[PDB]
Number of protein chains: 2
Amino acid sequence: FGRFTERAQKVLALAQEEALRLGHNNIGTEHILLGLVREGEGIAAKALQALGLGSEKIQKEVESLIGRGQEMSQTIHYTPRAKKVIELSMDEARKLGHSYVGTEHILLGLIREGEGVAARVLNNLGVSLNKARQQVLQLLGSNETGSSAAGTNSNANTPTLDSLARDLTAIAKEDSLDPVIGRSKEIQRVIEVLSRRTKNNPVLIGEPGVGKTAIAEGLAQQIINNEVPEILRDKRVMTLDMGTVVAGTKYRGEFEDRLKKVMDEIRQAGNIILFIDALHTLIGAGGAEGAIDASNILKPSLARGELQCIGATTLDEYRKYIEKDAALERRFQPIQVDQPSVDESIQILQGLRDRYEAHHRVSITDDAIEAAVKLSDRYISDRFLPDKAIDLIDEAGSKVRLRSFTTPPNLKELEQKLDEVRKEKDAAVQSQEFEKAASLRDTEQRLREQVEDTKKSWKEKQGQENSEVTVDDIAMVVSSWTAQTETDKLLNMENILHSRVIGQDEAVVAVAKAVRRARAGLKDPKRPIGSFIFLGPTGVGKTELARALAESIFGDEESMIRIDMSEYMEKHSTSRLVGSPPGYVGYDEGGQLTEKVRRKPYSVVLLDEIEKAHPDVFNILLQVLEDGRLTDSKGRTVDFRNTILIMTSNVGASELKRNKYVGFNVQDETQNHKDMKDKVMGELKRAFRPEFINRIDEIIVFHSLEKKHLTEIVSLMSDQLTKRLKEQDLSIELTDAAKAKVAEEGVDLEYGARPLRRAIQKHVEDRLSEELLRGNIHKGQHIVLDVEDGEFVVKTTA
Amino acid sequence: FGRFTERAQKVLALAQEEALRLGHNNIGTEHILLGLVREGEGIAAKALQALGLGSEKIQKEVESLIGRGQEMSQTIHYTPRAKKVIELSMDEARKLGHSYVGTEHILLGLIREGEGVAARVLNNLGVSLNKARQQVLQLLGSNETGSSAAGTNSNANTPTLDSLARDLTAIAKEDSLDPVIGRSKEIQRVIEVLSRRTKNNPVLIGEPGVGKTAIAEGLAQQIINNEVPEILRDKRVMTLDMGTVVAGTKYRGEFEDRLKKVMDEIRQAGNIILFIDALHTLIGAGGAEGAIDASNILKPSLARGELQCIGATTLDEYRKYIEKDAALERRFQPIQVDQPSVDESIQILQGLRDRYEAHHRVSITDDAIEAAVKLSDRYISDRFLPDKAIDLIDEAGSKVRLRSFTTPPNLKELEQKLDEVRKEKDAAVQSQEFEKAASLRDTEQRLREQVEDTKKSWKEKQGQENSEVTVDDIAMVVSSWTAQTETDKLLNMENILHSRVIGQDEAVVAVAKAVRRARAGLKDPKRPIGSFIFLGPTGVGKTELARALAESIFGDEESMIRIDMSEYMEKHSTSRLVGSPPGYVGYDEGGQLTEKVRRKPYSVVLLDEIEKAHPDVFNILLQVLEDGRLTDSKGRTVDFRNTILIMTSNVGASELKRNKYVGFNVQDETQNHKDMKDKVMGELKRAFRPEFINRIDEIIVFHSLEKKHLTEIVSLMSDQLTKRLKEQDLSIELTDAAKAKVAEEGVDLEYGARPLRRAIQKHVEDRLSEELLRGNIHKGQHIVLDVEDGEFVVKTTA
């Protein structure tokens, strides 16, 4: 385990002691047994003293089955029987939930594993094996903290709370109920909605999906102690649990009958609280179908305050109840449940820390925990603000802890050796001679002690991680999905975005700066981390920055939605060309955009060509920028948490897709650049209305094809080849010299920079595959395509 | 609770007296027991007295517990054990007879809590605990209500009345009859339609929601004694209860089987009255979906008069059932059940006071009750007339119940200390380090007595509420949803709309007065609270005032619909761009408009840009303004009677988005404003027909631009940012001076007002994050962003 009681550990050490005290030198089970009776009156020990075994009595039997004498004090560790007895105690502590394995379990396990000399000791001293494990069993594992009340009662309350199900109040008079911690400010408005007689039913609305259920345990506690409303000093909180109702049932009618019965017992009225999780399913109102319609019984019950109950609902659900009316809305009365404030999140993290130290790690690091929240909110960003957090904590809170046991210092080579030993030894005896294995056999166990010694020198990598979570690590888990290497990502965002966007620094730094602002905490946690317009004809920088933003902003290159607004005008791939039949802008608002971002609430949203979209589209995107949400697709609310809204524009094109050209001067190229990095930021505004664009912050600048912009395209295409070759296991790189020979057949004026892919096909794809076919390069070696003296050359490296 | 009986209380105090008489300075449970038997022959006392226990017999044992003695009356209160016995009796009174506890319950509770000092006393004095609990239980005492009984007539009655169900007739033959508070004029018209054997079935049509069910108990009472026709003195009223049908069911087929069984027994025909609430559901006829098709048996039954029944259907519901015809049209025959008169509501409130006095927040305030109705009736309006009512009372019927138990005087600080004591106290003794605990213990209980003393000084906030709802309170609660600070909201409507909307006073006073007239109880809902036209093109204050009526006056937050008529057009729209394809005005009337308002009967419905809509759109909308109702959405009736319909005008845009700069002056601007608030009342005229405009309460005037929109755009974005940062828990405000500095980077000629987001990012997000990081500002302190010396400055406030 790695968690034990004193008593346990004490029984264990006593075995080795007894090995030698009796003449043995290897601790069989016999010494463990001895350990139990020699540990005196721990629950194992005590047990043995009850059934009639003394420390003496055991050790003499133990000694009569080797002992007196083999003494010379040969290395006293276990032997396989004895190891088995121990394996059982771990499970004999699991059995009763002891996460810190106690004395009892070792005797229980000993008996279970009742063979070896121990077994024989115990069966000799007038005690059957099961009589011994019994005695131990019937006295606790020693891992309790429940109960704090010894009272008794009987009252009208009996029929209701029986059925169906629990009593939160009980468990908090047993000193075993946690707040848990929410969402603290959430609990308060509920207590108004709970001391009424009409409107006496609370209904919590948020995301479910925030750990909402924590707020409920709040109530339990406050109904007990100590200053609370008059009927809340005469209230009991009883849970309506769906799980018990469905169990033993498989008919809808029977479920309804049972619910009717619960309502009959609800006669504790004006003094009873029923807690109903996921309230919607019972009401059955709205939608294209129900879910079971409790409403006939449920509606008058809810309005009158004979059923005074607590509803846990989500984004959409409330709409479909006030539509039902007029006892639905009578009962309900609202309370604000947030996707908890940055601070609220943090407190939850800390609260469940020690049990990821039962998932043996975090315990700590604090900076990493705060970050778990902060980094999560902005970096993935695919749930509500705390759910994300805790996931970073345990993931990273294991990731390095996984690195704990995978080597010695580098003495992993020992383990490798110990294997080779077995073999030589074995095969030699397997043929025989005896001694043709012997020295090999001996060499093995020498090795073994060394192996194991340096594997428990990598208890130092345990003491490193088994109370940590790492900053960099927590950050790493956020980087893994889609503090340190996410806030280093935040700080070095610019560096990361620059390494993946080549051409137009103007744009890169601009996205960087809006995002880094947001990513430091200040900016909406529920609106895009950047809204942007990404300018310049398609060919250089736009998409690539969106991608690069995923890498820096999200921690890995992945997860970017991308919808073309130019199709949404209901006249471009509405039915015209390749798309789908819908009347396209209605589809986009009504489903496409909202559904897509709903999958990853963090996704870099690239709304292409908002210029060429209808003016209605500009409003739709504007609504993302205003609300931070869009509600569509049957009333679902899509959380654009820290999406990066990127609105593209392909304008400026004539200069920005020109030829850098020698105008008569070689400074017509270096002034075609300087001109193009000017021309874009005025060409966007003319193609679409202002109402959208003003809630779009930075003006991201890019261009494309020139003389020179062309040669930036060649290096994008050659890179598209090299990545698709990796999946089989081929490591390829083109050096610039080889990209040059590829360019040699695509600097046409009469076919432009279109031929470059094709010239990559002949000189890269075709050449590498024809070089792999000849076997001068290979899988799992890095393969360099270079040009030497005007001719291509395929090389192999490492 | 505070509501017991003499005998109970008497049994309790006698314990303490005898305690001290025997040397028991804490009145044990042994003394409570002594108390029980010392009260002589009350049910607790008597009970004990049966089994053979004297006042004495207890007291001797008791004196043999704590000796005799040490009495000098060391803080003589009960034991915690003894306090448990009392809590139990309280529940034993909920459970048994009188809600307000009695003698029986105290011995019953003693036994129940049978372990501890009492228990051990009784177990020493040869009387088993349960033998005692028997004795008390069995003489609870029969409290009638004016009841009378002896025998029952007739034999045929057996199969039917068992099933399914309790009879209204029964409770009135034992003086347990209901008020009932109608809808009184409704009850009489039934007896014509019921002393028929032809159109033998009465059918009540009206809101759910009316409290229709009140009318039914009316009948019960008079059918017994005695104003009814000759065989209607010997009629019986039996209710078809949905709850019994669903209980024991397993399918739709089984539900039908139960209805079939009723029909066979229905042979009590023409002398039996069947009450079917929500009659429509069983017939299953009409609509796109049924709900179960009882109609095969039910239709001939109605025609025959074997089912001579009373149908309660909703305002809208009936149409798709009389449509079956004509043995359901020679059955049914309608009777007027109104949307309740204001007064009927009020009376229900009064009637249910004594259990709303259980949670000590009524009886009274009467004015608050009246208001409960009146304030709800026009605004929220999410239910129907009496649900609305009670819901405010009870809403408020907790709000104040919270204001009680949030403090002692301010001595919450005491409790905080008393905690800290325990710790210190404990930990010192745990070290032992005895006397270093001693004084800590003493300090603890010092605190405690004070703590508890000032927690029961907040019995004064109890005496406040335990008969009073608070007028202002009811009002606060209506404000929570959407008398005093809601009817002061009504009376002061201009002031309240002014306190949350700035400029266009012209609009405010007109809207204010019209809404206050209706909303103060002087306009019945059968035509909107206010229909209005709100004039002036974009950037006015139209929407904001509509919003502000809901929000400010009646609420504190949501209750505002908002529909654009230019999207729901027939020549400007049919299916164009975004949203649902159906031929657009047909979708809006036929579906959308009706659906939205049907959910909330009060929302300020703001029909935007209803000047670009043609007069055909206006004819249907005109009915909304006139009737307060539309029937659309598959024959559903939508209450706009409690909406405020607000219709806008926008077709002179150029003048109301005019900016006058030079006119040989710079005072043509400050005369372009004054001009625009005139020009609006003519912009109404240009594309809004007069037929429409007349069905309006007042013509509400607004005016826009002139200069001065830019720094208002900065104020829309900066507030949109900061509020979503309030979600994270940062309290931010921007002063106008700082919004001005932001505007400084956004008065570009060629790049429009687009830079304003970007400059908000720089001046708010970036600036606050660079100020929070340096600790100048605090997260969740109030942070003011200002310009000082023409340069921006971030300042701090609590």
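Reading guide: rules and limits
- Residues numbered from 1 in each chain as written, not as in the entry; some residues may be left out.
- Chains lettered and ligands numbered in written order.
- Part of a larger assembly, values for the part shown.
- Heavy atoms only, no water.
- Residues with missing side-chain atoms left out of burial classes, pairs and counts.
- UniProt positions renumbered as here; feature names shortened; annotations may be inferred.
- Pairing = 2+ DSSP bridges.
- Helix = DSSP H or I, 4+ residues; strand = E, 2+ residues; numbered from the N terminus.
- Axes fitted to C-alpha atoms, helices over the stretch in contact; angles between N-to-C directions.

In the nomenclature of the PDB entry, chain A corresponds to Negative regulator of genetic competence ClpC/MecB from the organism Bacillus subtilis. The UniProt entry for chain A carries this comment under Function: "Competence gene repressor; required for cell growth at high temperature. Negative regulator of comK expression. May interact with MecA to negatively regulate comK." In UniProt, chain A has this text filed under Sequence similarities: "Belongs to the ClpA/ClpB family. ClpC subfamily."

Visitor: Just checking my understanding: could you explain the sheet that holds strand β2 (residues 236-240) of chain A for this structure?
Guide: Residue and element names in this part refer to chain A. Spatially, β2-β3-β4-β1-β5 is the arrangement adopted by the five strands of the open sheet, whose pairing is parallel. The open sheet has two edge strands, β2 and β5 (334-336), and neither has a second partner. When the angles between neighbouring strand axes are averaged without regard to direction, this sheet yields 25°. As judged from the three bridges shared by strand β1 (residues 203-205) and β5, these two strands associate in the parallel manner. Residue pairing in the sheet places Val203 in a bridge with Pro334 of β5.

Visitor: Explain the UniProt feature "domain: Clp R" in chain A to me, please; I cannot follow it from the model alone.
Guide: This chain's UniProt record puts "domain: Clp R" on residues 1-142 of chain A. Annotated as 60% helix and 0% strand, the span residues 1-142 of chain A places its first and last C-alpha atoms 16 Å apart.

Visitor: For this particular structure, what's the right way to read the UniProt feature "domain: UVR" in chain A?
Guide: The feature "domain: UVR", as given by UniProt, occupies residues 415-450 of chain A in the numbering adopted here. Helix makes up 92% of residues 415-450 of chain A and strand makes up 0%, while its end C-alpha atoms are separated by 9 Å.

Visitor: Got a minute to help me understand unusual backbone geometry in this structure?
Guide: Negative phi values dominate among residues other than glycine, just as trans dominates among peptide bonds. Omega for the peptide link from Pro179(A) to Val180(A) comes to -10°, which places this bond in the cis form. Mapped onto the secondary structure, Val180(A) falls in the loop between α9 (158-162) and α10 (185-192). Between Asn225(B) and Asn226(B) the backbone carries a cis peptide bond, its omega angle lying at -10°. Its place among the elements puts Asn226(B) in the loop between α11 (213-224) and β2 (236-240). A positive phi angle is found at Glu433(B), which is not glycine, with a value near 60°.

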